[PDB]
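A quick write-up on the structure given underneath.
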Amino acid sequence: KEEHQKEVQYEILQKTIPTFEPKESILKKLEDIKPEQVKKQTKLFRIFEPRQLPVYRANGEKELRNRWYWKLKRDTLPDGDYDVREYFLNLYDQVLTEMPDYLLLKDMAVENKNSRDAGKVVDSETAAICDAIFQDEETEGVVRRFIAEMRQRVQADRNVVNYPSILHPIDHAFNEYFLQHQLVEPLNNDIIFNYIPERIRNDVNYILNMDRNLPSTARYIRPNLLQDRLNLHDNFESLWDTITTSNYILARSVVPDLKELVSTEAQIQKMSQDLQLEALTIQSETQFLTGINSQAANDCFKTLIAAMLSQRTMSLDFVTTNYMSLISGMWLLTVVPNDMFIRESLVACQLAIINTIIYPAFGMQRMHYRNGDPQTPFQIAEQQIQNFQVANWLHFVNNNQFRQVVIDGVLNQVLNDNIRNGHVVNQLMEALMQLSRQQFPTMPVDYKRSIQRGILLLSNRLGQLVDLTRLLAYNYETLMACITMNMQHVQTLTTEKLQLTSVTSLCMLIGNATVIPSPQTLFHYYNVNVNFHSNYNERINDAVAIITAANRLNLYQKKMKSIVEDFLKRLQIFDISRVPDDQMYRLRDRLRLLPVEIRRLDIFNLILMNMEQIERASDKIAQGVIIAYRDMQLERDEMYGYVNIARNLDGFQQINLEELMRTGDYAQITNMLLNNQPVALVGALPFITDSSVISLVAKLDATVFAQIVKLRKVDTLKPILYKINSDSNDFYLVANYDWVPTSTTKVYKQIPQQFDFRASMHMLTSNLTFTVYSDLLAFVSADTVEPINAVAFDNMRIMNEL
Amino acid sequence: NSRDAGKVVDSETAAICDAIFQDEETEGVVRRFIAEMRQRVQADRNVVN
Amino acid sequence: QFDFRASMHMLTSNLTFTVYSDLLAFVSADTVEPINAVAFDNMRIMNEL
Amino acid sequence: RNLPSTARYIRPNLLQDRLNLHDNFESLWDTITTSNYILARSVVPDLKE
Numbered sequence: 086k087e088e089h090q091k092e093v094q095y096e097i098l099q100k101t102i103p104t105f106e107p108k109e110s111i112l113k114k115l116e117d118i119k120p121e122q123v124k125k126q127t128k129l130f131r132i133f134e135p136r137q138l139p140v141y142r143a144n145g146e147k148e149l150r151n152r153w154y155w156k157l158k159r160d161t162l163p164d165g166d167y168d169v170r171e172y173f174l175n176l177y178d179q180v181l182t183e184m185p186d187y188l189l190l191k192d193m194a195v196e197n198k199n200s201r202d203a204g205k206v207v208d209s210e211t212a213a214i215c216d217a218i219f220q221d222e223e224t225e226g227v228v229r230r231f232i233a234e235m236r237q238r239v240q241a242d243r244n245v246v247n248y249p250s251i252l253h254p255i256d257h258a259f260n261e262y263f264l265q266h267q268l269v270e271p272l273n274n275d276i277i278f279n280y281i282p283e284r285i286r287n288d289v290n291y292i293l294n295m296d297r298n299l300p301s302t303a304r305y306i307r308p309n310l311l312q313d314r315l316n317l318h319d320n321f322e323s324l325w326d327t328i329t330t331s332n333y334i335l336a337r338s339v340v341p342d343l344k345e346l347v348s349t350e351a352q353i354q355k356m357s358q359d360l361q362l363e364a365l366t367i368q369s370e371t372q373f374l375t376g377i378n379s380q381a382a383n384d385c386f387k388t389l390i391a392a393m394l395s396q397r398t399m400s401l402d403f404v405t406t407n408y409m410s411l412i413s414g415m416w417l418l419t420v421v422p423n424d425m426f427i428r429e430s431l432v433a434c435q436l437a438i439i440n441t442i443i444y445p446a447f448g449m450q451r452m453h454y455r456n457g458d459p460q461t462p463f464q465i466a467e468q469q470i471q472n473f474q475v476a477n478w479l480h481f482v483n484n485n486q487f488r489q490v491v492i493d494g495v496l497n498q499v500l501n502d503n504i505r506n507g508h509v510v511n512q513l514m515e516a517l518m519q520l521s522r523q524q525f526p527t528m529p530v531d532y533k534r535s536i537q538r539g540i541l542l543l544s545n546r547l548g549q550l551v552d553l554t555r556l557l558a559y560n561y562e563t564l565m566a567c568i569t570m571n572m573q574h575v576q577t578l579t580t581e582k583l584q585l586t587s588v589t590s591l592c593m594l595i596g597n598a599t600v601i602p603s604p605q606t607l608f609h610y611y612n613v614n615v616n617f618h619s620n621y622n623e624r625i626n627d628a629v630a631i632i633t634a635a636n637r638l639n640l641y642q643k644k645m646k647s648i649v650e651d652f653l654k655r656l657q658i659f660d661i662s663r664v665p666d667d668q669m670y671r672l673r674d675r676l677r678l679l680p681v682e683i684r685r686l687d688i689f690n691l692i693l694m695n696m697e698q699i700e701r702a703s704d705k706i707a708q709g710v711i712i713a714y715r716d717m718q719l720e721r722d723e724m725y726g727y728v729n730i731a732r733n734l735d736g737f738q739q740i741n742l743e744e745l746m747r748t749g750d751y752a753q754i755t756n757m758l759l760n761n762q763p764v765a766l767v768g769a770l771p772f773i774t775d776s777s778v779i780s781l782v783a784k785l786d787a788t789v790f791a792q793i794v795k796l797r798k799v800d801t802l803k804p805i806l807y808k809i810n811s812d813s814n815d816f817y818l819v820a821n822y823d824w825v826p827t828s829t830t831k832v833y834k835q836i837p838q839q840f841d842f843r844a845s846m847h848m849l850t851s852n853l854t855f856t857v858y859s860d861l862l863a864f865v866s867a868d869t870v871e872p873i874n875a876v877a878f879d880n881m882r883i884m885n886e887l
Numbered sequence: 199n200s201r202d203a204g205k206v207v208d209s210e211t212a213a214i215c216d217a218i219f220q221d222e223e224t225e226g227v228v229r230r231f232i233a234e235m236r237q238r239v240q241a242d243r244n245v246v247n
Numbered sequence: 839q840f841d842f843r844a845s846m847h848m849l850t851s852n853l854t855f856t857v858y859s860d861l862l863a864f865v866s867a868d869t870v871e872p873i874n875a876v877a878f879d880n881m882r883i884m885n886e887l
Numbered sequence: 297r298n299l300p301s302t303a304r305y306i307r308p309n310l311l312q313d314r315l316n317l318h319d320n321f322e323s324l325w326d327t328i329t330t331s332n333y334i335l336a337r338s339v340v341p342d343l344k345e
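Residue numbers (full-length UniProt numbering), protein chains in the order written: chain A, 86 to 887; chain B, 199 to 247; chain C, 839 to 887; chain D, 297 to 345.
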């Protein structure tokens, strides 16, 4: 039982490859990779909102009025600086999530309820402000008259609308960004004409016509067909194998099936009676003419084209007692490049041909081949063979490789132009006629004859094989035109099988019925690749942006592969529990060394220049506490009355807490709380607003630090913020007793931001009700000639042996 | 107890570390040490420390 | 006396190799057709009647 | 199959007989010899026509 032993190790190696189980499933997935849908917002971006809060003059008496202050929507900031920076990262990624591609301001405008000239404004949450500002008896007259007298500027002959708005400068930054950085481009017929690949519209077999007008208000989005800048083709063997397999399975589904084949039985009778095996005394009697049927020939036809289009390396499994398989394999080596095959199978095929056809015909000793020879067997034969008709063919084969060319911005693995036109096969059949005409000096005759006649079979299929080669090449290049990513050559780990019975079927069952892709299949095969390439680039951009933001926000508890796995999960072709780890880390490394997409960086920069300003709103945290063992006088504010508040954090030893918890090293702080040294403990932490003079006299503020020396963990540090004023229930102790309100332990926190109409009234411009077309090859009516009269590159028709 | 939430080699190593971190008599320097000990990868060489 | 910093080490290891026991599974072999099978002298065996 | 650079194998110790059981251990050598004989019988081909 040494056959399952294979399966064990092939499974070992397949547990390393992120290729799903049954291959066909992959096709369902790449089609599901749709274009990037286009987004829009019907509501402005708003982190702040006004709030009409109380005030307190000095002596803590509440004035008879309120005042308008900016305050955050949804105060949710946590404790700890690390967690706050995580909050801002979770803000950044969800802004990128709702990052609109185009805006339109009439889709959200509303009427000003207080205007003489039918004034509108842009959003409900600015009219809700304007009407409040319009009836507040503390507001100044010109603001009222201006609100009454604002007037939008709609203008359709230019397609622009200006609308007023009221919002915080931060929100204005985000919204003027979204307005001024719209990634929708004007559309028209010529962009659709050039979106088509060039060598499909310079072609004549595919006629193309525009039959749909597009207005000026049509838009599209230039996708990101930016080539592979991770370079998964060097030292990413498994991922590249999976990519190549996916492209193979995609390419199989667009190759044209082929038709009007020869009667299989008519070739089977003929081959049987020409080879005459029953006359012989060998043990391959039924096994020669296996796989000769149809459903093998079309398989090979698809497999060759798909494997060249994917650079999926494929092998050569065959029986060596079946010289017909070899006589077809020489055709294969002739037309198909050598570098497409894994080396060992290539050598095996050539060596079988040599030791079974060529040398015993010319009358040479067989060989003694060394496995690690640089010099391929046909290369030795090219020098040992003294004949032109066969050695020139060998010269062709030994130097039949792909040729690299950058066409239309994409790399391309193109052929020789003595193959695209089928002319080299004439040389092949010259060699084969020679091998027919020879004496096989040492050989028996019943076997010699069968070999010669099996050769004559393909020597009679000359024109049909010219036709085959030309058709194969044509379909290959037409499908090559519909590719967006560079198509590069690497020896893949796992390898598609190819049965030379199938090549025999193809070479012996075909004639005079031309098949070429429909334009719909071509458009499909182009859209799919475009969508996959676009998704690839967009996911790389997102990944790098998040990595860079985590590293600039100093997020270090994080592990980065959780991003990388998502980068592989969104690309719908990889199984992540299956890839190695070293590749994941090389991918991390190559991601870090890439620039950032400009929008994803501009948003981040907007957040960094303001995240200090958001964190200082949000009355649930404080930006530090002070300890100063000296009876300091409470200072007076307008929002509060008397407060133990600080706004400089100067003249003290700043101890940071996110380090003091991650280094458990409390000697420096225990040697300062025990000895009562003034300090400043900085870091986002809670507080509470005590509102009794008793708890000030009773000195509650200083009793909130023993839990540190007891419980080293600094998380439940919850200072005091004495707001004591006219409505604190023990305020008589102030205005009747002639004493300064004092305490130590000030808290580092910043006053809210007062509202100002002029630094918030803005005029936002946008367009009018344009459209955004996503699928745009639908604006192209394509057609193709009768394939009986269709032409290759050479201006001749194709399959001309009618 | 690691600053970078990194890894160590074996369950008993981490057991020792977590026993010694949580104690009272241990210095702050051993706690700093435990915080500042993590793995290193280098996939160019496929090597990990 | 137990010394934490002194007793600490950094251990190297390769990252994610794979191991195989059978080795000729990957090889698929076959014979020439035995009528034209040849010995060490490049001269056919069983070439009589 | 094109095996990667991320693969390993164990090399057997095919070192010769240190003990020289063909020298004054005739019974053990007869048993070894018999085992190899009956093994080699199984793998000789059967004669064709």
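For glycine and all other residues, C-beta sits at the position ideal for the given N, C-alpha and C.
1. So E88 of chain A contacts chain D; which residues on that side make the cut at Cβ distance below 9 Å?
2. Tell me which same chain residues have a C-beta within less than 6 Å of the C-beta of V420 of chain A, skipping the five on either side of it?
3. Is the segment 624-634 of chain A touching the segment 176-184 of chain A in the sense that three or more CB pairs, one from each, lie closer than 8 Å?
4. Under 8 Å between C-beta atoms, does residue 271 of chain B make it to chain A?
5. With a threshold of 8 Å between beta carbons, is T329 of chain D in contact with chain C?
6. Would a check of beta-carbon distances place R314 of chain D closer than 8 Å to chain C?
7. Please list, in chain order, all residues of the same chain as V206 of chain B whose beta carbon is under 6 Å from its beta carbon, the five residues on each side excluded.
8. Kindly list the residues whose CB is nearer than 6 Å to the CB of residue 83 of chain A, restricted to its own chain and excluding five residues on each side of it in sequence; keep chain order.
9. Of all the options A:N729, A:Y532 and A:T224, which has the alpha carbon lying nearest to the alpha carbon of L362 of chain A?
10. If we call anything under 8 Å between Cβ atoms a contact, is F689 of chain A one with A634 of chain A?
11. Does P271 of chain A come out as helix, strand or coil in the three-state DSSP assignment?
12. Between the alpha carbons of residue 45 of chain A and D342 of chain D, how many angstroms are there, rounded?
13. Who are the Cβ neighbours of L547 of chain A in its own chain at under 6 Å, not counting the five residues just before and after it?
14. Any Cβ of chain D within less than 8 Å of the Cβ of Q584 of chain A?
15. So what's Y333 of chain D in DSSP terms, helix, strand or just coil?
16. CA-CA distance, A877 of chain A and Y559 of chain A?
17. Can you tell me the Cβ-Cβ gap for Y305 of chain D and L853 of chain C, rounded? I've got them flagged as a contact below 8 Å.
18. Going by DSSP, name the residue or residues bridged to residue 901 of chain A.
19. Quick check on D716 of chain A: buried or exposed, where buried means 16 or more other Cβ atoms within 10 Å of its Cβ?
20. Just confirm the distance between the C-beta atoms of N639 of chain A and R170 of chain A, as a whole number of angstroms; I'd bet it's less than 8 Å.
21. What are the uninterrupted segments assigned as alpha helix (DSSP H) that are 4 or more residues long and contained completely in the segment 601-652 of chain A, given in chain order?
22. Within its chain, find whatever has a CB closer than 8 Å to the CB of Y172 of chain A; leave out the 5 residues flanking it on each side and keep chain order.
23. Please determine, among A:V195, A:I465 and A:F447, the residue with the shortest C-alpha to C-alpha distance to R455 of chain A.
24. Please name the residues in the segment 565-581 of chain A whose beta-carbon is closer than 7 Å to at least one beta-carbon of chain D, in chain order.
25. Taking C-beta pairs closer than 7 Å, name the residues in chain D that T856 of chain C reaches, listed in chain order.
26. What residues in the segment 402-433 of chain A have a beta carbon less than 8 Å from any beta carbon of chain C?
27. Which chain A residues sit within Cβ distance under 8 Å of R230 of chain B?
28. Compare the C-beta of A233 of chain B against all C-beta atoms of chain C and say whether one is closer than 8 Å.
29. For my contact list, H266 of chain A and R684 of chain A are in at a C-beta cut-off of 8 Å; report their separation, rounded to the angstrom.
30. For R307 of chain D, which residues in chain A fall below 8 Å Cβ to Cβ?
31. Which residues share a DSSP beta bridge with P135 of chain A?
32. Taking Cβ positions, are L564 of chain A and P602 of chain A nearer each other than 8 Å?
33. Note down, in chain order, each residue of its chain lying with its Cβ closer than 6 Å to the Cβ of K156 of chain A, except the 5 sequence neighbours on either side.
34. Excluding sequence positions up to five away, which residues of its chain have a Cβ less than 8 Å from the Cβ of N274 of chain A?
35. Would you list, in chain order, the members of the segment 856-884 of chain C that have their beta-carbon closer than 9 Å to a beta-carbon of chain D?
36. Give the interface partners of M528 of chain A over in chain C, defined as CB-CB distance under 8 Å, in chain order.
Quick answer:
1. Within the first sequence, residue 88 of chain A is the residue found at index 3, counting from 1. Close to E88 of chain A, with beta-carbon spacing below 9 Å, lies no residue of chain D; the smallest spacing is near 16 Å.
2. Taking the first residue of the first sequence as position 1, residue 420 of chain A is located at position 335. Excluding residues within five positions, the ones whose Cβ falls inside 6 Å are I504 and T554.
3. Short answer: they touch.
4. A question about residue 271 of chain B goes unanswered here, because the residues of chain B that appear run from 199 up to 247.
5. As a first step, residue 329 of chain D is located in the fourth sequence; it is residue number 33 there, counting from the start. Contact of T329 of chain D with chain C is not assigned, every C-beta pair being separated by 8 Å or more.
6. Taking the fourth sequence and counting its residues from 1, the one referred to as residue 314 of chain D is at position 18. Among the residues facing chain C, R314 of chain D is not included, as its CB has no counterpart in that chain under 8 Å away.
7. Here the question's residue 206 of chain B lines up with position 8 in the second sequence. If you ignore the 5 residues before and after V206 of chain B, its C-beta comes within less than 6 Å of the C-beta of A212, all in its own chain and listed in chain order.
8. Residue 83 of chain A is absent from the model: chain A starts at 86 and stops at 887.
9. To locate residue 362 of chain A, count along the first sequence from 1; it is residue 277. Residue A:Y532 holds the alpha-carbon nearest to the alpha-carbon of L362 of chain A among A:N729, A:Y532 and A:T224.
10. Reading the first sequence from its first residue, position 604 is the one you call residue 689 of chain A. Reading the first sequence from its first residue, position 549 is the one you call residue 634 of chain A. The criterion of a C-beta distance shorter than 8 Å is satisfied by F689 of chain A and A634 of chain A.
11. Taking the first sequence and counting its residues from 1, the one referred to as residue 271 of chain A is at position 186. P271 of chain A falls in the strand class under three-state DSSP.
12. Beyond the ends of chain A as shown, which are 86 and 887, falls residue 45 of chain A; an answer cannot be given.
13. Counted from its first residue, the first sequence places residue 547 of chain A at position 462. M514.
14. Here residue 584 of chain A refers to the residue found at position 499 of the first sequence. Residue-level contact by beta carbon fails for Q584 of chain A and chain D, as no gap is shorter than 8 Å.
15. As a working mapping, residue 333 of chain D is identified with position 37 in the fourth sequence. In this structure, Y333 of chain D counts as helix in the three-state DSSP scheme.
16. Here residue 877 of chain A refers to the residue found at position 792 of the first sequence. Here residue 559 of chain A refers to the residue found at position 474 of the first sequence. Rounded to whole angstroms, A877 of chain A and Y559 of chain A show a C-alpha spacing of 7 Å.
17. Position 9 of the fourth sequence, counted from the first residue, corresponds to residue 305 of chain D. Position 15 of the third sequence, counted from the first residue, corresponds to residue 853 of chain C. For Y305 of chain D against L853 of chain C, the beta-carbon gap comes to about 18 Å, at or over 8 Å, which does not count as contact.
18. The displayed coordinates of chain A run from 86 to 887. Any statement about residue 901 of chain A would go beyond what the structure contains.
19. Counting from one through the first sequence, the residue named residue 716 of chain A turns up at place 631. Its Cβ having fewer than 16 others within 10 Å, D716 of chain A is exposed.
20. Here residue 639 of chain A refers to the residue found at position 554 of the first sequence. Here residue 170 of chain A refers to the residue found at position 85 of the first sequence. Here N639 of chain A really is in contact with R170 of chain A; their C-beta atoms are around 7 Å apart, less than 8 Å.
21. Taking only runs of at least 4 residues, the alpha helix (DSSP H) segments lying wholly in the segment 601-652 of chain A are 604-637.
22. As a first step, residue 172 of chain A is located in the first sequence; it is residue number 87 there, counting from the start. Closer than 8 Å at the Cβ level, and outside the excluded window around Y172 of chain A, lie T161, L162 and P163.
23. By one-based count along the first sequence, residue 455 of chain A stands at place 370. Considering only alpha carbons, the answer is A:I465.
24. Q576, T577, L578, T579 and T580: these are the residues of the segment 565-581 of chain A whose beta carbon lies less than 7 Å from some beta carbon of chain D, given in chain order.
25. Here residue 856 of chain C corresponds to residue number 18 of the third sequence, with the count starting at 1. Counting only Cβ-Cβ distances below 7 Å, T856 of chain C has contacts in chain D at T302, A303 and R304, in chain order.
26. Answer set for the segment 402-433 of chain A: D402, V404, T405 and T406.
27. Stepping through the second sequence from its first residue, residue 230 of chain B is reached at position 32. Here the neighbours are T748, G749 and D750.
28. Taking the second sequence and counting its residues from 1, the one referred to as residue 233 of chain B is at position 35. No, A233 of chain B does not count as interfacial toward chain C.
29. The sequence position of residue 266 of chain A within the first sequence is 181, counting from 1. The sequence position of residue 684 of chain A within the first sequence is 599, counting from 1. The C-beta separation of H266 of chain A from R684 of chain A comes to about 6 Å, placing the pair in contact by the 8 Å criterion.
30. Stepping through the fourth sequence from its first residue, residue 307 of chain D is reached at position 11. Within chain A, no C-beta atom comes nearer than 8 Å to that of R307 of chain D; the closest sits roughly 17 Å away.
31. Walking along the first sequence from the start, residue 135 of chain A turns up at place 50. A:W155.
32. Reading the first sequence from its first residue, position 479 is the one you call residue 564 of chain A. Reading the first sequence from its first residue, position 517 is the one you call residue 602 of chain A. Cβ distance < 8 Å, so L564 of chain A and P602 of chain A count as in contact.
33. Position 71 of the first sequence, counting from 1, holds the residue named residue 156 of chain A. If we look at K156 of chain A and ignore the five residues flanking it on each side, its Cβ neighbours are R136.
34. Indexing the first sequence from 1 puts residue 274 of chain A at position 189. Here the set comprises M295, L299 and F864.
35. Listed in sequence order: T856, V857, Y858, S859, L861, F864 and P872.
36. Within the first sequence, residue 528 of chain A is the residue found at index 443, counting from 1. Think of a sphere of 8 Å around the beta carbon of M528 of chain A: the chain C residues whose beta carbon falls inside it are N874, in chain order.
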